[PDB]
Amino acid sequence: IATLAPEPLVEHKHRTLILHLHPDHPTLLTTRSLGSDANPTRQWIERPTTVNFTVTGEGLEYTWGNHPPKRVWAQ
Amino acid sequence: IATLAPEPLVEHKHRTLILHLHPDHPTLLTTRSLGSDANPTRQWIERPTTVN
Amino acid sequence: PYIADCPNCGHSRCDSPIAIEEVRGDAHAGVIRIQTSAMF
Amino acid sequence: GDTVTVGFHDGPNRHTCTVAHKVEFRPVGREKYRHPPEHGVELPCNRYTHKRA
Amino acid sequence: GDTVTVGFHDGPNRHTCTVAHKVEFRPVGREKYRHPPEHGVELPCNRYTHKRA
Amino acid sequence: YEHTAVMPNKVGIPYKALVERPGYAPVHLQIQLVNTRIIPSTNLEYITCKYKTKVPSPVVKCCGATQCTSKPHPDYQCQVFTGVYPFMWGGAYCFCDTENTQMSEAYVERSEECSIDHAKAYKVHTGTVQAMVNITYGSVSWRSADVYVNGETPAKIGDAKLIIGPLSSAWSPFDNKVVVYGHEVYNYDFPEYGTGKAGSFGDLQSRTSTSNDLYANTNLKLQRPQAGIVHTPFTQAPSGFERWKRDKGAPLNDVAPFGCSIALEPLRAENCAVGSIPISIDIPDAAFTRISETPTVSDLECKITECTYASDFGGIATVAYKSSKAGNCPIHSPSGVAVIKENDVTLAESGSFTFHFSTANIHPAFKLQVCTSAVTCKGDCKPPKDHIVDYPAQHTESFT
Amino acid sequence: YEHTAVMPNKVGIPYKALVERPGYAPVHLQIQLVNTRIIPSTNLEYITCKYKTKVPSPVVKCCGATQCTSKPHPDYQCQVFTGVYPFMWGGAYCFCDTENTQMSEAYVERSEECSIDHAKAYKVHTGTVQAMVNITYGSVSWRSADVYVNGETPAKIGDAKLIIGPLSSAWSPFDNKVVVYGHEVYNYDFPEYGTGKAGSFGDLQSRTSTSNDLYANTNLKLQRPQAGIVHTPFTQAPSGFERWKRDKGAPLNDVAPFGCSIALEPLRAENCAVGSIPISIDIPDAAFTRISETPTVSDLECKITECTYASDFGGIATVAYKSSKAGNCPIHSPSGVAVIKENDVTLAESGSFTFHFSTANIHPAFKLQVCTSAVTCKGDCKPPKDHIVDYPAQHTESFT
């Protein structure tokens, strides 16, 4: 029986995910810009933080803790 | 009660029959190009042979 | 001991109990494994 | 067989007889077997009868 | 043998059975004998057993 | 009619090509590369895990020395010690005071977790990629078969024979050297079996779990027990498997390029969307419909009505169908500009039926081949508003 | 003193390099790459073998038809037949004469020999080469250890730590596609699983021996039995495993390049003598002798006496040893011109001791380093007469 971090607040912008975010505990967030340019990111988040992600045309994925990985079309 | 040779492997090409072929015993193959130019062929085949 | 139709049973096609199927001259040692339809 | 070799057994003696003769068995067909099979097509061979009449 | 030809003798009759099958015996080795010798090297052939178990 | 087709490697979207066999009615494809699991060629080089200094119980000779020997245990550290007075339950017990000798010995051994919780190195070569390609073909409407990529392999599952690849995009997201842990896969330059510096990753290096032999550079250094008491100072680096779990790097399913997912399963890297695949199929001719049985649709007209300049199939277009018979009519845009949701459209005697699609050029001038009748569905499209959900059906971006 | 050394890949001959550690006495090597077994990365793609048309016993309905169905057996050939009158032990038995129906069915199945006598395809990648390197080192005089080639792997078996390769000569004598048979390995472009044309190699294509599924393109075509008798004409190509045993190609252990041998064992290609290997060792410093304990040998003289311009160690040369102490003195020619049988020579107080060697240049002007004392053993050599036996110790041919 295991962990789960509170859901994110998804916010749209032009090819950009603003994400006001607010965890319970330090959560390792990370992503994978699915271009052959990976351009991943990692950061443990314990302090609530509005973050940003330059999403590309083809897609990005998003991993709010051990909550399952999300995915996003940003055309 | 008489002979019969194993069936051929028909293979297509451009105006050309490749035929991978594999008999039981020496088999006299032969043909007749039905033009008024006959151009026939004869060859006993016992060794398996891809022909044309 | 099964009985089947031998193909050239001396004269011609009889029904021999020793009707030969599955001849296997596939080994090397001068040996063949055979099945008669007969169960000796 | 290169030869032909015949003989019965009277019972006290073998008492056989043998001879030279070039023998072959081509079956009729464009296949040059050495022996008749169990299957295959039938077609007009030359052959001797079983009978006497 | 070009064929295979089997048969016992019940005692009143020959009562045999015969069949076509292409047979050969290559021994394993770069020598293409027709028959196994008494001597020579041993090396990994394929072969059937004597046994039933 | 062996329909060769270059084809983009991208997982979750069909590729509804069209069979233009001269003589009989064409048939649509629906080729959805549901998976791109890879399974490169690899080699288990060594498991590692955290050690356990499972100390054998030291010798205590009471008056005089006990020379130690270098037993063959992995990293068998042993050092004789004198000058003790070992308090053991009755005060000391050895009656001498300097000739009291203590021989400490300690070797490294795989943890019990080594069997189960263990990193795992690999030398990774390229191998051969796979896929459970669904085709809901033509009127066949189904086959979900596992295939290969090597460009002579068929897979006659269903009725169609299909040859795939080899793909041009040889990026194995795995590097040459890889470490693997449970599910998180690390494309790490593991040092090697037999070498790993103590504290660093691979301080313990066992070939496998069963392998009694290993390499344990742990810098295990015994020290003398204190003040005449029985114990075993083992001074040692906690493992490079202890770190590598909290000062590690991030996983390849979180740092890879060109869009892959991972499993501790056959060591595949699923769904790597990159490049194209030259795919070619031999359809069953029985599945074809002869040309004289499908309606001829020409003398038609096509026009968009609300084109959405987008990914989801927002583009629509009525078509003034002008048929001869009435029935089905497979459809496709041979131009890659437009991707269509409908493979097939039903037709009465010269009616009209809208379809759905998606494009990337403001002025979509794409041909539409309605069962041997071409038409330009020229028009203009509108941008959407609502772009935060999974991946597109458009995948056709070019100069616009 | 980590003695890096480029080193020719060649199996059956030592490579007696010399450790020139500044400060202590040098030590000879004796590096004999006893094996070069390779073990590339591979994949079992499909076993093949000769079929067995293990006919299921046909149906005979006596008056009327028996429609057949396409059972899922591999290459399940089945064809209904009418117009029989099947003689079975009592003359015929079915009382009709044309409504007598006979349904023949035959599928392909792995032979019993398929388990044991079976060709075996592979997609072959490069993998990682190995060796049981003996070093009868220095005064250690022994270690026979199995090693790798990847240029960071040690193998601390004995006392020395040794790092090998990576070799520059990446010729895998295996091709990409390989067939394998018992022991004879064929670098054959096997067609593929799932495709092999009947009669051609791989008419039967089973993934493994256990795999009940397979691909059997045998062109199995049943024909109607003759003249109202029970039997099953199965007309079929004898296998492409039958041929491929007597119209095959020759084995890679008989046609490979650059000198390899083969086994149906881990799929190694032993003893592939080609190119060089950048080998580097970390000796145990304990094995060194300090410089002030070996005799200094200078003020000496060297000369050939009967140099044999050859492979076997026919070259000889006395050396007017001029020692200080008396004892051993490791020797080596740092020039690769001369290869010496003796690693070490015993010395009294300034005596003389011939050694053996072999060269390739008519005028061997090779230095000889007798435990930190160089000398030119200039001279001239003689050709031999008797050249039909295994491989040389010279392996130093150059411009002469």
# chains A, B, ... in the order shown; residues from 1 in each chain; ligands from 1
$ closest_atom_pairs --of "chain G" --to "chain C" --cutoff "9 Å" --atoms "only C-alpha atoms" --output "CSV"
residue,atom,partner,partner_atom,distance
G:52,CA,C:22,CA,8.7
G:53,CA,C:22,CA,9.0
G:54,CA,C:22,CA,8.3
G:87,CA,C:5,CA,8.6
G:88,CA,C:15,CA,7.0
G:89,CA,C:15,CA,5.9
G:113,CA,C:26,CA,8.4
G:229,CA,C:5,CA,8.0
G:230,CA,C:5,CA,7.0
G:231,CA,C:5,CA,7.4
G:242,CA,C:26,CA,8.7
$ write_last_selection --atoms "N, CA and C atoms" --output "compact mmCIF listing (two decimals), in the first residue's frame"
# COMPACT_ATOMS: atom_id res chain seq x y z
N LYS G 52 7.66 -34.26 -41.35
CA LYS G 52 7.11 -35.59 -41.49
C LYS G 52 5.63 -35.44 -41.78
N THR G 53 5.21 -35.88 -42.95
CA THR G 53 3.81 -35.83 -43.35
C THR G 53 3.07 -36.91 -42.56
N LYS G 54 2.85 -36.61 -41.28
CA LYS G 54 2.19 -37.55 -40.38
C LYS G 54 0.69 -37.44 -40.62
N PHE G 87 -11.25 -50.57 -51.81
CA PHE G 87 -10.91 -51.94 -51.43
C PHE G 87 -10.23 -51.96 -50.08
N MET G 88 -10.91 -52.52 -49.08
CA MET G 88 -10.37 -52.63 -47.73
C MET G 88 -10.74 -54.00 -47.18
N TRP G 89 -9.91 -55.00 -47.49
CA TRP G 89 -9.91 -56.31 -46.84
C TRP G 89 -11.10 -57.21 -47.19
N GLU G 113 13.55 -36.34 -35.47
CA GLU G 113 14.90 -35.85 -35.63
C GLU G 113 15.00 -34.35 -35.47
N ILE G 229 -9.10 -47.63 -53.76
CA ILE G 229 -8.31 -48.23 -52.70
C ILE G 229 -8.00 -47.17 -51.65
N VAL G 230 -7.96 -47.61 -50.40
CA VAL G 230 -7.65 -46.73 -49.28
C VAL G 230 -6.16 -46.44 -49.28
N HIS G 231 -5.81 -45.18 -49.50
CA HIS G 231 -4.49 -44.65 -49.18
C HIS G 231 -4.57 -43.14 -49.37
N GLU G 242 16.52 -31.93 -46.15
CA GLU G 242 17.11 -33.11 -46.77
C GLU G 242 18.24 -32.69 -47.71
$ residues_around --residues "stretch 15-24 of chain B" --least-positions-apart "2" --cutoff "6 Å" --atoms "only C-alpha atoms" --output "PyMOL selection string"
chain B and resi 5-6+8-13+48-52
$ residues_around --residues "residue C:18" --least-positions-apart "4" --cutoff "12 Å" --atoms "only C-alpha atoms" --output "list in words"
residues 1, 2, 3, 4, 5, 6, 7, 9, 14, 34, 35, 36, 37, 38, 39 and 40 of chain C; 5, 6, 7, 8, 9, 10, 15, 16, 17, 18 and 19 of chain E
$ write_last_selection --atoms "C-alpha atoms" --output "compact mmCIF listing (two decimals), in the first residue's frame"
# COMPACT_ATOMS: atom_id res chain seq x y z
CA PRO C 1 -1.82 -55.37 -34.88
CA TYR C 2 -3.30 -53.05 -37.46
CA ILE C 3 -3.95 -54.16 -41.03
CA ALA C 4 -3.68 -51.80 -43.99
CA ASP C 5 -3.17 -51.83 -47.75
CA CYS C 6 0.33 -52.80 -48.78
CA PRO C 7 1.18 -51.24 -52.18
CA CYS C 9 2.30 -56.96 -51.82
CA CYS C 14 -3.01 -56.54 -51.03
CA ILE C 34 10.04 -48.84 -39.79
CA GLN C 35 6.42 -49.15 -38.75
CA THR C 36 4.47 -52.17 -39.73
CA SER C 37 0.78 -51.92 -39.17
CA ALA C 38 1.37 -55.21 -37.36
CA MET C 39 2.16 -55.04 -33.65
CA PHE C 40 4.76 -57.68 -32.94
CA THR E 5 10.76 -54.63 -48.77
CA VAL E 6 9.54 -56.33 -45.60
CA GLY E 7 8.20 -59.74 -44.77
CA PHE E 8 8.02 -62.62 -42.34
CA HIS E 9 7.02 -66.23 -42.98
CA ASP E 10 3.96 -67.45 -41.10
CA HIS E 15 3.10 -63.13 -46.83
CA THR E 16 5.41 -60.15 -47.26
CA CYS E 17 5.00 -56.42 -47.84
CA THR E 18 7.01 -53.99 -49.89
CA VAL E 19 7.16 -50.25 -50.46
$ atom_distance --atom1 "atom CA of residue F:185" --atom2 "atom CA of residue F:262"
7.4 Å
$ calpha_fit_and_write --fixed "chain E" --moving "chain D" --output "short mmCIF file (atom, residue, chain, number, x, y, z; two decimals) with C-alpha atoms, in the first residue's frame"
data_model
loop_
_atom_site.label_atom_id
_atom_site.label_comp_id
_atom_site.auth_asym_id
_atom_site.auth_seq_id
_atom_site.Cartn_x
_atom_site.Cartn_y
_atom_site.Cartn_z
CA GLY D 1 18.07 -49.16 -51.53
CA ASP D 2 15.63 -47.52 -53.88
CA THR D 3 12.84 -49.36 -52.06
CA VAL D 4 12.08 -51.09 -48.79
CA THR D 5 10.76 -54.63 -48.77
CA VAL D 6 9.54 -56.33 -45.60
CA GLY D 7 8.20 -59.74 -44.77
CA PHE D 8 8.02 -62.62 -42.34
CA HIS D 9 7.02 -66.23 -42.98
CA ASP D 10 3.96 -67.45 -41.10
CA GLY D 11 4.89 -70.96 -42.27
CA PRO D 12 2.17 -71.76 -44.81
CA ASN D 13 2.83 -68.62 -46.84
CA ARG D 14 5.47 -66.00 -47.53
CA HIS D 15 3.10 -63.13 -46.83
CA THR D 16 5.41 -60.15 -47.26
CA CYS D 17 5.00 -56.42 -47.84
CA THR D 18 7.01 -53.99 -49.89
CA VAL D 19 7.16 -50.25 -50.46
CA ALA D 20 9.01 -47.44 -52.19
CA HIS D 21 11.38 -45.28 -50.20
CA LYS D 22 14.60 -43.52 -51.13
CA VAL D 23 17.26 -44.87 -48.78
CA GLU D 24 20.90 -43.95 -48.35
CA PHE D 25 23.56 -44.22 -45.68
CA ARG D 26 26.08 -41.51 -45.60
CA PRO D 27 28.20 -41.92 -42.49
CA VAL D 28 28.89 -38.72 -40.67
CA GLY D 29 32.26 -37.50 -41.86
CA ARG D 30 33.87 -36.03 -44.91
CA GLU D 31 34.19 -39.60 -46.25
CA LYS D 32 31.27 -40.70 -48.40
CA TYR D 33 31.33 -44.41 -47.74
CA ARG D 34 28.58 -46.83 -48.67
CA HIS D 35 28.85 -48.86 -45.47
CA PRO D 36 30.22 -48.66 -41.90
CA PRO D 37 33.73 -50.10 -41.41
CA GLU D 38 35.20 -52.03 -38.50
CA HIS D 39 37.64 -49.27 -37.53
CA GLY D 40 38.19 -45.53 -37.80
CA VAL D 41 37.42 -42.61 -35.57
CA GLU D 42 34.20 -42.24 -33.60
CA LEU D 43 32.25 -39.03 -34.06
CA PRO D 44 28.72 -37.83 -33.42
CA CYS D 45 26.35 -39.68 -35.72
CA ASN D 46 22.57 -39.81 -35.66
CA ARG D 47 21.12 -43.21 -34.98
CA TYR D 48 18.28 -45.08 -33.32
CA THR D 49 18.46 -47.05 -30.11
CA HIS D 50 18.32 -50.74 -29.44
CA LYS D 51 15.98 -50.27 -26.54
CA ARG D 52 12.34 -49.85 -25.56
CA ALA D 53 12.47 -47.93 -22.25
#
$ closest_atom_pairs --of "chain F" --to "chain A" --cutoff "9 Å" --atoms "only C-alpha atoms" --output "CSV"
residue,atom,partner,partner_atom,distance
F:250,CA,A:42,CA,7.6
F:253,CA,A:32,CA,8.1
F:254,CA,A:32,CA,5.8
F:255,CA,A:40,CA,5.2
F:256,CA,A:38,CA,5.8
F:257,CA,A:38,CA,3.9
F:258,CA,A:36,CA,3.7
F:259,CA,A:34,CA,4.5
F:260,CA,A:34,CA,8.0
F:273,CA,A:34,CA,8.3
F:274,CA,A:36,CA,7.5
F:310,CA,A:75,CA,7.6
F:311,CA,A:75,CA,7.6
F:386,CA,A:12,CA,7.9
F:387,CA,A:74,CA,5.3
F:388,CA,A:72,CA,5.1
F:389,CA,A:72,CA,4.4
F:390,CA,A:72,CA,4.3
F:391,CA,A:73,CA,5.1
F:392,CA,A:73,CA,6.5
F:395,CA,A:58,CA,7.9
$ closest_residue --among "F:4, F:150, F:134, F:36" --to "chain G" --atoms "only C-alpha atoms"
F:150
$ atom_distance --atom1 "atom CA of residue C:33" --atom2 "atom CA of residue G:114"
15.5 Å
$ interface_residues --of "chain G" --to "chain B" --cutoff "7 Å" --atoms "only C-alpha atoms" --output "VMD selection string"
chain G and resid 199 235 to 237
$ select_by_dssp --residues "chain A" --states "strand (DSSP E)" --output "JSON, numbers by chain"
{"A": [9, 10, 11, 12, 13, 16, 17, 18, 19, 20, 21, 27, 28, 29, 30, 31, 41, 42, 43, 44, 45, 49, 50, 51, 52, 53, 54, 60, 61, 62, 70, 71, 72]}
$ write_last_selection --atoms "C-alpha atoms" --output "PDB file, in the first residue's frame"
ATOM      1  CA  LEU A   9      -3.638  21.946 -11.579  1.00  0.00           C
ATOM      2  CA  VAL A  10      -3.317  21.908 -15.332  1.00  0.00           C
ATOM      3  CA  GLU A  11      -3.263  25.344 -16.915  1.00  0.00           C
ATOM      4  CA  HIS A  12      -3.046  26.047 -20.613  1.00  0.00           C
ATOM      5  CA  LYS A  13      -0.768  28.439 -22.399  1.00  0.00           C
ATOM      6  CA  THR A  16       3.384  25.835 -22.539  1.00  0.00           C
ATOM      7  CA  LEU A  17       2.054  24.119 -19.430  1.00  0.00           C
ATOM      8  CA  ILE A  18       1.816  26.390 -16.482  1.00  0.00           C
ATOM      9  CA  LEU A  19       1.230  24.055 -13.572  1.00  0.00           C
ATOM     10  CA  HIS A  20       0.374  25.451 -10.192  1.00  0.00           C
ATOM     11  CA  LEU A  21       1.393  22.528  -8.028  1.00  0.00           C
ATOM     12  CA  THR A  27       7.690  14.573  -5.078  1.00  0.00           C
ATOM     13  CA  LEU A  28      10.132  13.845  -7.885  1.00  0.00           C
ATOM     14  CA  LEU A  29       8.552  15.308 -10.973  1.00  0.00           C
ATOM     15  CA  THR A  30      10.011  14.623 -14.373  1.00  0.00           C
ATOM     16  CA  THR A  31       9.178  14.794 -18.058  1.00  0.00           C
ATOM     17  CA  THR A  41      13.735  17.614 -16.340  1.00  0.00           C
ATOM     18  CA  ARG A  42      13.930  16.364 -12.771  1.00  0.00           C
ATOM     19  CA  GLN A  43      13.166  18.151  -9.541  1.00  0.00           C
ATOM     20  CA  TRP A  44      11.960  16.976  -6.182  1.00  0.00           C
ATOM     21  CA  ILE A  45       9.069  19.246  -5.251  1.00  0.00           C
ATOM     22  CA  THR A  49       5.417  25.734  -6.927  1.00  0.00           C
ATOM     23  CA  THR A  50       3.999  27.044 -10.155  1.00  0.00           C
ATOM     24  CA  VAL A  51       6.267  25.538 -12.816  1.00  0.00           C
ATOM     25  CA  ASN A  52       6.515  25.709 -16.586  1.00  0.00           C
ATOM     26  CA  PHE A  53       7.217  23.335 -19.449  1.00  0.00           C
ATOM     27  CA  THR A  54       7.926  24.380 -23.009  1.00  0.00           C
ATOM     28  CA  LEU A  60       5.350  15.930 -23.779  1.00  0.00           C
ATOM     29  CA  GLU A  61       4.704  13.596 -20.865  1.00  0.00           C
ATOM     30  CA  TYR A  62       4.316  14.418 -17.223  1.00  0.00           C
ATOM     31  CA  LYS A  70       0.296  11.965 -18.338  1.00  0.00           C
ATOM     32  CA  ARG A  71       0.733  13.048 -21.943  1.00  0.00           C
ATOM     33  CA  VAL A  72      -0.155  16.235 -23.798  1.00  0.00           C
TER      34      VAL A  72
END
$ interface_residues --of "chain G" --to "chain E" --cutoff "10 Å" --atoms "only C-alpha atoms" --output "PyMOL selection string"
chain G and resi 113+116-117+182-183+246
$ atom_distance --atom1 "atom CA of residue G:224" --atom2 "atom CA of residue C:17"
23.2 Å
$ interface_residues --of "chain B" --to "chain D" --cutoff "8 Å" --atoms "only C-alpha atoms" --output "MDAnalysis selection string"
chainID B and resid 1:5 25:29
$ write_last_selection --atoms "C-alpha atoms" --output "tab-separated table (two decimals), in the first residue's frame"
chain	number	residue	atom	x	y	z
B	1	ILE	CA	1.07	-48.20	-61.68
B	2	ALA	CA	3.72	-45.70	-62.54
B	3	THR	CA	5.92	-42.74	-61.84
B	4	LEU	CA	5.34	-39.19	-60.68
B	5	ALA	CA	7.84	-36.52	-59.79
B	25	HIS	CA	14.77	-39.36	-59.30
B	26	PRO	CA	16.28	-38.28	-62.64
B	27	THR	CA	13.43	-36.49	-64.40
B	28	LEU	CA	13.50	-35.49	-68.05
B	29	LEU	CA	12.16	-31.97	-68.14
